[PDB]
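So the structure is just underneath, and the comments pick up after that.
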Amino acid sequence: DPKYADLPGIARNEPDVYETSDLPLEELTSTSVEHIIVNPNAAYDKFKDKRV
Amino acid sequence: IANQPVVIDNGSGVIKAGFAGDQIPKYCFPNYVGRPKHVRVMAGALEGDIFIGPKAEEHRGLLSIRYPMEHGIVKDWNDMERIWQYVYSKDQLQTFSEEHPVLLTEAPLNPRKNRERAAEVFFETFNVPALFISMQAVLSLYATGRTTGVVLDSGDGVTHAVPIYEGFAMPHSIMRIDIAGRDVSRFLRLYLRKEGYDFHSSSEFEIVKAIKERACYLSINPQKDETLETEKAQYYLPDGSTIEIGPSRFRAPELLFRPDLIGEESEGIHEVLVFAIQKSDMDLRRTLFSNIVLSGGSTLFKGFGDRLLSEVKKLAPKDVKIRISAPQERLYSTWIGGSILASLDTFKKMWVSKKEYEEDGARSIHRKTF
Amino acid sequence: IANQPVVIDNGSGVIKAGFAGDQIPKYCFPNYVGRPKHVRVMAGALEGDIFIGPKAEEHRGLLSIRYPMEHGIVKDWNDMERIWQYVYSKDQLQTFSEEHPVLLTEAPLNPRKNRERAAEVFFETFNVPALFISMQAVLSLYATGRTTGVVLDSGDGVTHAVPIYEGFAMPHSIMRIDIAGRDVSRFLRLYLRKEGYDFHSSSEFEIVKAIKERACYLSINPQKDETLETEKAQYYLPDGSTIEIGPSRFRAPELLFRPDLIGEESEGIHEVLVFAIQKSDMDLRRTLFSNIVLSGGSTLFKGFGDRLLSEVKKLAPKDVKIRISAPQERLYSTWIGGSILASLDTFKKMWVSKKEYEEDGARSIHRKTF
Amino acid sequence: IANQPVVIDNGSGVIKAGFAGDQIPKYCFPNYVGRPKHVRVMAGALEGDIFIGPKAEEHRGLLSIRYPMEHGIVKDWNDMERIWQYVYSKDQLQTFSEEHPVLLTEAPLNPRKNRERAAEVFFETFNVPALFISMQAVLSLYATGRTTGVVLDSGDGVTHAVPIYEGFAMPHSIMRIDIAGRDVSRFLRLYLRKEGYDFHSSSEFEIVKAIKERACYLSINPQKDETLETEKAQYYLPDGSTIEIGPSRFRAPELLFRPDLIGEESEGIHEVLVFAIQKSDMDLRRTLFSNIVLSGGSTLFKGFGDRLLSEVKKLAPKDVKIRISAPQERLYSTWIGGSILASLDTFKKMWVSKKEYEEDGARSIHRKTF
Ligand SMILES: Nc1ncnc2c1ncn2[C@@H]1O[C@H](COP(=O)(O)OP(=O)(O)O)[C@@H](O)[C@H]1O
Ligand SMILES: Nc1ncnc2c1ncn2[C@@H]1O[C@H](COP(=O)(O)OP(=O)(O)O)[C@@H](O)[C@H]1O
Ligand SMILES: Nc1ncnc2c1ncn2[C@@H]1O[C@H](COP(=O)(O)OP(=O)(O)O)[C@@H](O)[C@H]1O
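Residue numbers (the entry's author numbering), protein chains in the order written: chain a, 3 to 26, 37 to 64; chain C, 7 to 376; chain E, 7 to 376; chain D, 7 to 376.
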């Protein structure tokens with residue numbers, strides 16, 4: 003307390019902070045959809061030269 | 007000038023951006039412009055006073071929320087300009103909006119004024135050298151590597167279905183109804199108000215969206231569960247509170263299959279798919295029923311594909327092979343396919359250059375968009 | 007041209023002062039006016055007929071002390087003129103009011119007549135060049151250096167809570183009850199009268215205040231400690247006698263958490279904090295329950311915040327971290343924050359200039375309330 | 007067993023009840039439970055610990071008022087039970103709770119639990135032979151002759167808009183905000199605190215209501231009187247004091263037209279009605295704009311009709327004729343409609359028998375909700 007001793011009513015002998023106890037999606041795995049892997053690299057290798 | 011093009015994937019609820027070539031859209035954020043409600047006092051607080059992005063998600067309660075794109079139609083162009091600037095900002099891409107061609111995305115059957123004004127923005131404010139607006143079905147097909155298959159997607163605002171047979175889009179076989187995830191969230195808010203848990207603030211609506219995205223399932227038997235008793239599973243709010251949802255957790259996503267609940271004569275998603283298939287020829291319905299690629303955000307409910315197969319089998323003719331495939335990252339299908347398409351060599355001819363826009367204008371966009 | 011501004015921090019019981027850029031309020035004195043009770047007879051007695059400052063404390067038994075600011079509302083404007091002149095007198099500041107800007111502090115939800123008459127005083131009696139009336143919660147946040155927090159202060163006459171998240175104040179979640187230190191002192195005077203001790207003199211009320219500030223603590227379990235007849239601790243006097251307080255040293259500070267003892271139906275301090283947090287948004291409650299900042303003089307009792315934690319746990323939702331951060335500078339937090347606020351650069355444009363007041367009038371100060 | 011059904015207008019501000027067929031409600035006492043605050047010492051004092059209606063309106067100062075129902079949702083069931091028992095008591099009806107059918111109104115969109123518990127009280131504590139729950143919109147149409155219209159009621163707790171056309175209600179167009187007379191009185195209280203007059207007791211809260219009903223009006227423009235800073239009309243208190251108001255006898259009722267003042271994003275009463283009309287079918291707009299019915303006590307402010315007309319006129323499309331039927335029985339319209347409906351014989355088919363509820367339960371009430 004560098005500059006906080008000169009004041010008359012600064013309370014001490016008490017803790018500053020009063021805390022409490024510090025204590026501590038499924039549709040992708042369904043059965044009616046044949047889920048496909050995207051794999052963009054394979055699709056790019058597929059559509060590599062199919063011009064338009 | 008033809009650098010790595012920018013694949014901007016719009017969405018009425020969750021925007022998706024990122025450069026072409028990335029296997030995952032590295033920069034995704036919700037599509038809402040948040041601005042503070044309360045009066046600022048302390049000097050040195052948050053600045054800008056228009057929050058877009060993760061800052062709008064971290065300080066949800068502090069700000070108001072208003073969406074600029076409803077049912078795939080842009081309602082506020084100023085907010086979308088700010089959102090696109092945020093896409094090019096220092097927090098998402100850190101690049102200039104003139105050194106890259108832009109690949110935008112739109113839902114089909116949208117009004118022509120959206121396409122017009124959107125390209126006006128990307129060619130007047132942002133001085134993009136080349137823009138190419140395109141659908142979403144084609145992009146999900148480029149992502150899955152296929153060339154056929156009916157693409158059905160239930161995004162946040164548009165639930166459409168566009169069938170494609172070996173790279174031949176059938177424009178008149180497109181069904182689009184504006185009954186989507188945002189409306190399911192709204193119907194859920196209505197049932198919660200009928201429960202007691204009355205969420206009404208704009209920034210509080212996101213909590214309803216989280217509840218929908220988390221504690222909601224679609225029962226296979228519609229009336230059997232729709233008329234019986236529930237179990238009232240509890241849910242924890244961000245307050246630290248507890249909410250007993252109950253019967254609304256299953257009646258809220260039923261809206262997607264029967265829009266009579268909201269009081270609107272339309273069709274369910276299954277009728278959208280069935281009618282989109284039946285509107286085509288007679289020598290394609292077998293290949294279309296055997297190839298259904300789901301996508302879109304709202305096609306993630308627990309017990310969704312089950313009810314789709316049940317409804318489709320009730321509607322499709324007997325002994326017809328019905329298959330429903332879907333990608334793994336269902337939320338980033340269209341963007342991945344956009345990255346694939348924009349990373350090709352035909353994309354040099356697919357776009358619309360700036361000089362083309364200076365010569366013709368809106369007409370060139372309407373011509374080269376199809 | 008401008009000089010170092012003066013932070014005339016008000017208070018219902020203690021008025022702090024000091025120039026900006028300082029770290030300690032060098033001139034603190036009680037906010038009361040003392041005038042002689044008896045008759046002057048001798049030649050060479052005290053002169054002045056009005057005594058403010060340490061001189062009043064030096065001659066308490068000779069003066070009829072009377073407070074001019076009750077519950078944050080100025081009741082005697084002439085006495086406040088004397089007090090503010092004493093602030094600018096040759097004993098506390100030794101400067102002129104025409105050469106310094108003023109940072110006045112007011113409690114929230116005060117009547118408009120206080121702001122308007124304060125404007126007329128500091129702009130018609132004192133020819134102050136610039137005045138800026140600010141709140142008291144924001145200043146304590148400036149003093150602690152934080153940006154978020156629920157400032158729960160308790161002055162001599164007004165206890166209030168203003169939840170502020172990330173520098174933004176919520177003017178609708180501000181609770182304010184007129185039950186604080188002065189009223190607890192009056193209630194303690196009543197209990198000492200019920201114990202067999204008279205303190206009817208107004209100058210003796212200071213002795214009652216000394217009893218409150220020196221031998222009073224907050225019991226955790228109220229009635230459980232009320233049933234136990236304590237040791238009846240003995241306290242001295244500024245006379246030399248001895249008073250046995252007894253049970254009226256723990257239930258006297260219970261007025262802050264139970265306004266029913268004074269017969270006035272209102273909320274407790276814990277209910278003020280909990281209701282001030284519950285009246286805010288949904289996504290802004292864990293951070294507000296965390297950053298609980300205390301201020302004000304009345305929050306210095308023994309076991310104050312411990313009972314506050316217990317009561318808050320009784321009202322906050324289950325398993326939420328609460329941090330009642332009570333710094334050691336709770337008495338002068340608002341002044342320290344006033345020094346920080348006036349010592350900035352934006353403060354030059356935050357105030358109301360004298361020319362602005364001459365042009366508009368009260369309207370100018372009403373526009374810059376926050 | 008049935009003879010002259012008992013109509014009950016279970017309103018959160020005042021409960022209006024009488025028998026069926028009565029042209030006027032005979033008993034309209036306020037909806038609050040008055041308990042004493044001061045101990046009884048003298049024998050022969052007032053009897054009982056619960057004061058309801060006429061007794062809790064004369065001895066108001068002695069009491070502490072607890073409103074049972076808030077925003078059309080019951081909080082303390084005990085209090086509502088006591089109020090209903092007061093209705094069947096000797097001083098009010100002298101009847102038994104087993105000899106008459108009961109028509110108890112309810113606001114729309116209330117949670118299911120209110121309907122369930124309300125019937126549980128009327129079928130368990132009271133052994134009512136017949137109970138029917140209605141809407142507080144249809145009844146106003148009955149008591150006003152019309153069959154097609156937009157019922158815009160504003161009770162003391164919940165305002166809403168129900169568009170009914172040719173006897174058919176369009177439930178999806180029902181808009182409902184929970185901002186009414188209570189909030190206006192409470193906000194008037196905050197304005198008096200800003201004008202220096204505090205009120206914190208529950209017994210003095212009705213004096214705030216008294217001020218509202220006797221001195222509040224609505225300006226046709228929000229800014230033509232705002233910056234004018236008009237006169238301060240005095241108003242006497244029940245003791246003999248004096249309150250001058252000025253900018254609060256019009257600033258407090260604008261909370262209905264813009265609830266942003268209370269710090270809650272919602273829609274104003276005009277937006278409630280206009281959105282309830284615009285959500286209805288395209289062909290039904292002109293008939294709903296020409297048939298607007300007012301009800302509820304908050305629709306009695308001075309200049310309310312002119313403000314409502316001008317706001318709708320701003321929001322309605324050009325040249326559409328807007329007629330707002332405003333009967334003189336806005337407080338008793340819903341009750342008179344109840345006296346009409348219960349005097350018919352179709353009501354016999356519309357209620358629920360006791361055995362119906364015993365064999366079914368809550369399900370029977372949700373079945374006959376409309
Ligand atoms: N687990 C989930 N269950 C149900 N809906 C979900 C889930 N996760 C996300 N959603 C929905 O997905 C939507 C996002 O879809 P989106 O990809 O934005 O479509 P678009 O990009 O066409 O707008 C959100 O509106 C949300 O409602
Ligand atoms: N050490 C202490 N312990 C308990 N109460 C105190 C203490 N110091 C001051 N108080 C109370 O606080 C009051 C002063 O609080 P203060 O913060 O000055 O109020 P204000 O700033 O509104 O004048 C005094 O009236 C006294 O009752
Ligand atoms: N003459 C009046 N002018 C303005 N407001 C009134 C008047 N009389 C009553 N009120 C307000 O309207 C309310 C009447 O309650 P009411 O509208 O019947 O509520 P409910 O419909 O729930 O019974 C009162 O509580 C008061 O707030």
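Quick reminder that beta carbons are idealized off the backbone N, C-alpha and C, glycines included.
Would a check of beta-carbon distances place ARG255 of chain E closer than 8 Å to chain C? Stepping through the third sequence from its first residue, residue 255 of chain E is reached at position 249. Not one beta carbon of chain C lies nearer than 8 Å to the beta carbon of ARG255 of chain E.
Using a cut-off of 7 Å between C-beta atoms, extract the partners of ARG336 of chain C located in chain D. The residue you call residue 336 of chain C lines up with position 330 of the second sequence. Within chain D, no residue comes near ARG336 of chain C; the closest Cβ sits about 31 Å away, beyond 7 Å.
Check whether the Cβ atoms of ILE14 of chain E and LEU147 of chain E lie closer than 8 Å to each other. Working through the third sequence from its first residue, we reach residue 14 of chain E at position 8. Working through the third sequence from its first residue, we reach residue 147 of chain E at position 141. Taking 8 Å as the Cβ cut-off, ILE14 of chain E and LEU147 of chain E do not qualify as a contacting pair.
Taking 7 Å as the cut-off, does the CB of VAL20 of chain D come closer than this to any heavy atom belonging to ligand 3? On the fourth sequence, position 14 is the one that residue 20 of chain D refers to. For ligand 3, at least one heavy atom lies less than 7 Å from the Cβ of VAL20 of chain D.
Continuous alpha helix (DSSP H) stretch holding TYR33 of chain D: start and end: Mapped onto the fourth sequence, residue 33 of chain D falls at position 27. Where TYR33 of chain D is concerned, there is no enclosing alpha helix (DSSP H), although the beta strand (DSSP E) it sits in stretches over 33-36.
Hey, could you find the ends of the beta strand (DSSP E) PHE138 of chain D is sitting in? Looking up residue 138 of chain D in the fourth sequence gives position 132. Boundaries of the beta strand (DSSP E) harbouring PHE138 of chain D: 136-139, taken from the DSSP string.
When you compare only the Cα positions, how much space is there between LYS324 of chain E and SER225 of chain E? Here residue 324 of chain E refers to the residue found at position 318 of the third sequence. Here residue 225 of chain E refers to the residue found at position 219 of the third sequence. So the two alpha carbons sit approximately 24 Å from each other.
At least one CB of chain D closer than 8 Å to the CB of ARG195 of chain E: is that the case? As a working mapping, residue 195 of chain E is identified with position 189 in the third sequence. Chain D contact via Cβ: absent.
Does the stretch 106-123 of chain D touch the stretch 302-311 of chain D, meaning 3 or more C-beta pairs lie closer than 8 Å? no
Just to confirm, does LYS81 of chain E get its C-beta within under 7 Å of one of the non-hydrogen atoms of ligand 2? Mapped onto the third sequence, residue 81 of chain E falls at position 75. Incorrect: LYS81 of chain E has no Cβ contact closer than 7 Å to ligand 2.
Does DSSP put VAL144 of chain E in a helix, in a strand, or in coil? The residue you call residue 144 of chain E lines up with position 138 of the third sequence. Correct three-state label for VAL144 of chain E: helix.
How far does the alpha helix (DSSP H) with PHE295 of chain D in it extend, from its first residue to its last? Translated into positions along the fourth sequence, residue 295 of chain D becomes position 289. Residues 291-295.
Under 9 Å from the C-beta of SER339 of chain C: neighbouring residues of chain a: Here residue 339 of chain C refers to the residue found at position 333 of the second sequence. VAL50, listed in chain order.
Does the beta-carbon of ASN297 of chain E have 16 or more other beta-carbons within 10 angstroms, so that it is buried, or is it exposed? Along the third sequence, one-based indexing puts residue 297 of chain E at 291. It counts as buried.
Based on Cα-Cα distance, which residue from C:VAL93, C:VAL127 and C:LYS361 lies nearest to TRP83 of chain C? Indexing the second sequence from 1 puts residue 83 of chain C at position 77. Cα-wise, what sits closest to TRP83 of chain C is C:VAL127.
Grouping DSSP H, G and I as helix and E and B as strand, with all else coil, what is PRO42 of chain E? Here residue 42 of chain E refers to the residue found at position 36 when the third sequence is read from its first residue. In this structure, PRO42 of chain E counts as strand in the three-state DSSP scheme.
Closer than 9 Å at the beta carbon, the chain C residues around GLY173 of chain E: Residue 173 of chain E sits at position 167 when you count from the first residue of the third sequence. Correct list: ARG46, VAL47, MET48, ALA49, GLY50, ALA51 and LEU52.
Buried or exposed for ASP24 of chain a, please, with buried defined as at least 16 other CB atoms from any protein chain shown within 10 angstroms of its CB. Counting from 1 along the first sequence, the entry for residue 24 of chain a is found at position 22. That one is exposed.
Can you check whether the CB of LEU40 of chain a is closer than 8 Å to the CB of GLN334 of chain C? Reading the second sequence from its first residue, position 328 is the one you call residue 334 of chain C. Reading the first sequence from its first residue, position 28 is the one you call residue 40 of chain a. Cβ atoms of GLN334 of chain C and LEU40 of chain a: closer than 8 Å.
Figure out for me which residue from C:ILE7, C:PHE35, C:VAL144 and C:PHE263 has the closest Cα to the Cα of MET176 of chain C. Here residue 176 of chain C is taken as the residue at index 170 of the second sequence, counted from 1. The candidate whose alpha carbon is nearest that of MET176 of chain C is C:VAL144.
Please confirm if the stretch 151-164 of chain D is in contact with the stretch 84-99 of chain D, defined as three or more CB-CB distances below 8 Å between the two stretches. no
Does the beta carbon of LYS119 of chain D come closer than 8 Å to any beta carbon on chain C? Here residue 119 of chain D refers to the residue found at position 113 when the fourth sequence is read from its first residue. The beta-carbon of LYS119 of chain D is placed less than 8 Å from the nearest beta-carbon of chain C.
Within the present structure, is the beta-carbon of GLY17 of chain E separated from the nearest heavy atom of ligand 2 by less than 7 Å? Here residue 17 of chain E refers to the residue found at position 11 of the third sequence. Yes - ligand 2 has a heavy atom lying nearer than 7 Å to the Cβ of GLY17 of chain E.
Could you check whether the Cβ of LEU40 of chain a sits closer than 8 Å to any Cβ belonging to chain C? Start at 1 with the first residue of the first sequence, and residue 40 of chain a comes out as number 28. Yes, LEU40 of chain a lies at the interface with chain C (some Cβ there is under 8 Å from its Cβ).
Span of the alpha helix (DSSP H), counted from its first residue to its last, around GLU219 of chain E: Position 213 of the third sequence holds residue 219 of chain E. First-last of the alpha helix (DSSP H) with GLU219 of chain E: 211-220.
May I ask you to report which of helix, strand or coil DSSP gives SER370 of chain D? In the fourth sequence, the residue the question calls residue 370 of chain D occupies position 364. Here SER370 of chain D sits in helix by DSSP.
So what does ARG72 of chain E bridge to, in DSSP terms? Here the question's residue 72 of chain E lines up with position 66 in the third sequence. In the DSSP assignment, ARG72 of chain E forms a beta bridge with E:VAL39.
With a cut-off of 8 Å, does the C-beta of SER209 of chain C fall near any C-beta of chain a? Walking along the second sequence from the start, residue 209 of chain C turns up at place 203. Output row for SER209 of chain C: interface = no.
Can you tell me where the beta strand (DSSP E) with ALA348 of chain E in it begins and where it stops? As a working mapping, residue 348 of chain E is identified with position 342 in the third sequence. That residue, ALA348 of chain E, is in no beta strand (DSSP E); its alpha helix (DSSP H) goes 339-348.
Closer than 7 Å by C-beta to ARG313 of chain C: which residues in its own chain qualify, once you throw out the five before and the five after it? Chain order, please. Within the second sequence, numbered from 1, the residue matching residue 313 of chain C stands at position 307. Exclusion of the five residues before and after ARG313 of chain C leaves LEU224, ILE226 and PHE263 as the residues of its chain whose Cβ lies within less than 7 Å of its Cβ.
Any Cβ of chain E within less than 8 Å of the Cβ of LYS230 of chain D? Residue mapping note: residue 230 of chain D aligns to position 224 of the fourth sequence, counting from 1. Not one chain E Cβ lies under 8 Å of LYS230 of chain D.
Looking at C-alpha atoms only, which residue of E:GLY187, E:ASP289 and E:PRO259 is the closest neighbour of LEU68 of chain C? Within the second sequence, residue 68 of chain C is the residue found at index 62, counting from 1. Nearest option by C-alpha distance: E:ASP289.
Is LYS218 of chain D near ligand 3, in the sense that its beta carbon is under 7 Å from a heavy atom of that ligand? Taking the first residue of the fourth sequence as position 1, residue 218 of chain D is located at position 212. Under cutoff, so the answer is yes.
Quick one: list the residues of chain E neighbouring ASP18 of chain a, beta-carbon separation under 8 Å, in chain order. Along the first sequence, one-based indexing puts residue 18 of chain a at 16. Going along chain E in sequence order, the residues near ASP18 of chain a (Cβ under 8 Å) are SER331, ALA332, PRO333 and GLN334.
Under a three-way DSSP split, which group does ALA54 of chain a fall into? Working through the first sequence from its first residue, we reach residue 54 of chain a at position 42. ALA54 of chain a: helix per DSSP, three-state reduction.
I'd like to know if the stretch 234-245 of chain D and the stretch 183-194 of chain D are in contact, where contact means that at least 3 CB-CB pairs between them fall below 8 Å. Flag = no, the stretch 234-245 of chain D and the stretch 183-194 of chain D do not touch.
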